[PDB]
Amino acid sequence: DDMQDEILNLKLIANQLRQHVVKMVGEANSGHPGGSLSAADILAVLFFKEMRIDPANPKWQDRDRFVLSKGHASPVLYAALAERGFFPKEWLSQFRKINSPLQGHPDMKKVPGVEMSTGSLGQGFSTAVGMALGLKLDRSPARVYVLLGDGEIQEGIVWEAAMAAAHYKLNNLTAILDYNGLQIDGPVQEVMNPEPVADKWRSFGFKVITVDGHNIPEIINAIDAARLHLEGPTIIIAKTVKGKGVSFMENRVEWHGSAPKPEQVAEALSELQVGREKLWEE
């Protein structure tokens, strides 16, 4: 089975992205493990199966584009781009250091494969709408993929951008929501409840597909359904576990923006390596 082997390989790549996230945040003493780990299966599917991209031609005009609108999750994007060959893996060890290209939030002028400088929440999504608008005008076959946080959708610019994407019929824009239920000050339902989230996106003119964001076949199937929907954009609402893959980080508000100490990096890598050895058994 090449399809079954394809899925196993994507699970192994997702595990590698998680190991990079834990190590690079530990070494930096700074960064955002929870919302990086929640998105690792989504970025494995995008960067290693679904996106048309070439690290030997990073300015290819018809390339698919990924925008990390929740830019604090830069570790998982940098892990994906390093594993795809956009820049040396050695860069990951200088994350958040002075003079390093790997800034705490992505800088499109310093990192090959970064399509927008993000880090101010809501702004990446608005720029993704502009990219999709221009590519639609240029008859490009390109698709624009954009990852949002579920705290991030409290920003007014997200709803402006959604209204505009529906009005301009941007069926070349696929939004993905990292639906992990947590933000800095607590659960999103306690801080500023955005529910009913699927009803809001449908009322703004998006097709909505709900998936388990840790189920690689469901993510693949949702991206195929988005491609076939021509009336306008689609959002994939991906139910995820913040800190997915590390027992002591899973569903924990406090692992949003805290760096693990060396003993916690060792514990997290041991869990992920036990997970990886079990995949090599398949």
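Residue indices: 1-based, along the sequence shown.
Chemist: In the PDB record, does 167-175 or 137-145 carry the higher mean Cα temperature factor?
Modeler: 137-145 has the higher mean C-alpha B-factor.
Chemist: Could you check the entry and say whether 48-56 or 66-74 has the higher mean CA B-factor?
Modeler: It is 48-56.
Chemist: Please rank the C-alpha B-factors of the chain's modelled residues and tell me whether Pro187 sits in the lowest, middle or highest third.
Modeler: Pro187: CA B-factor falls in the middle third of its chain.
Chemist: What third of the chain does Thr234 rank in for C-alpha temperature factor, lowest, middle or highest?
Modeler: Lowest third - that is where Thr234 ends up once the chain's C-alpha B-factors are sorted.
Chemist: According to the PDB entry, is the CA B factor of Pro196 in the bottom, middle or top third of its chain, that is, lowest, middle or highest?
Modeler: Its C-alpha B-factor, which the entry lists for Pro196, ranks in the highest third among residues of this chain.
Chemist: Would you please rank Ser30 by its C-alpha temperature factor against the other modelled residues of its chain and give the third it falls in: lowest, middle or highest?
Modeler: Highest third of the chain for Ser30's C-alpha B-factor.
Chemist: Select lowest, middle or highest to describe the third in which the CA B-factor of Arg202 falls within its chain in this entry.
Modeler: Answer is lowest: the recorded C-alpha B-factor places it there.
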